[PDB]
Amino acid sequence: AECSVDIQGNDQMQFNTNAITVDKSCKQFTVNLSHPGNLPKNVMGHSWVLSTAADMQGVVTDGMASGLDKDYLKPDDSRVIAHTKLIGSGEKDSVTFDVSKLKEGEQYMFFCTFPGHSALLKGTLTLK
Ligand SMILES: [Cu+2]
């Protein structure tokens, strides 16, 4: 898949990838999130949130005080460069973003913002 990637978050607290490479040529980038499993998003919800590694913690910390109401994401978080909605099992969501929003050399992390999920459900995103 050029300029896109398919990612699954399961009931086992696992993303099927821990590293994503965004080709420097890509103009846009699309991440396809699905959620195999049986648990509903209010106990096992999963989302794909993109930020710098530097800002992950506060994004996470801010998200969990945001409630299921706001997908456990601070509304209009200027630290989030891209994000999917929060989904439960059997659900799916995609998000597309501008590669121009990524600086070379700066590090980025992707992660779920459901309470206590980002330590396990995370990975690397890098501009190549
Ligand atoms: Cu999650």
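Residue numbers count from 1 along every chain, following the sequence as written rather than necessarily the entry numbering; any residue without coordinates is not displayed. Hydrogens and water are ignored here; the side-chain numbers use all heavy atoms of the structure.

For this deposited structure, the header cites X-ray crystallography as the method used and 2.10 Å as the resolution.

Quick question: what am I supposed to make of the coordination of the copper ion here?
By definition of the ideal shapes, a tetrahedral metal site with four donors has angles of 109.5 degrees and an octahedral site with six donors has angles of 90 or 180 degrees. Any N, O or S atom lying within 2.8 Å of the metal counts as a donor, and for Na, K and Ca the limit rises to 3.2 Å; water is left out, so some sites can look incomplete. Distances from the copper ion to its protein donors, namely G45 (O), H46 (ND1), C112 (SG) and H117 (ND1), fall within the range 2.0 to 2.3 Å. Labels for metal geometry use angle windows, namely 85 to 135 degrees for all angles of a four-donor tetrahedral site, and for square planar (four donors) or octahedral (six donors) sites opposite donors over 155 degrees apart plus all others within 65 to 115; sites meeting none of these are irregular. One can describe the site at the copper ion as irregular: its four donor atoms subtend angles covering 80 to 129 degrees at the metal. Mapping the donors of the copper ion onto the primary sequence gives the spacing G-H-x65-C-x4-H. Of the two residues, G45 sits in the loop between α1 (41-44) and β4 (49-52) while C112 sits in the loop between β7 (108-111) and β8 (122-127), which places them 67 residues apart along the sequence. The way it works is that DSSP assigns letters per residue, a run of H or I at least four long becomes a helix, a run of E at least two long becomes a strand, and they are numbered from the N terminus.

Could you clarify how one ought to interpret the state of the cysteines in this entry?
In protein chemistry, a disulfide is the covalent bond that joins the sulfur atoms of two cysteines. By disulfide we mean two sulfur atoms from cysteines, separated by a distance within 2.5 Å. Inspection of the entire model under this criterion finds one disulfide. Across the disulfide, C3 is cross-linked to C26 (sulfur-sulfur distance 2.1 Å). Taking the sign of the S-S torsion, about -110 degrees here, the bridge from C3 to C26 comes out left-handed. Residue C3 is found in the segment before β1 (4-8), and its partner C26 is found in the loop between β2 (19-22) and β3 (28-34); the two are separated by 23 residues along the sequence.

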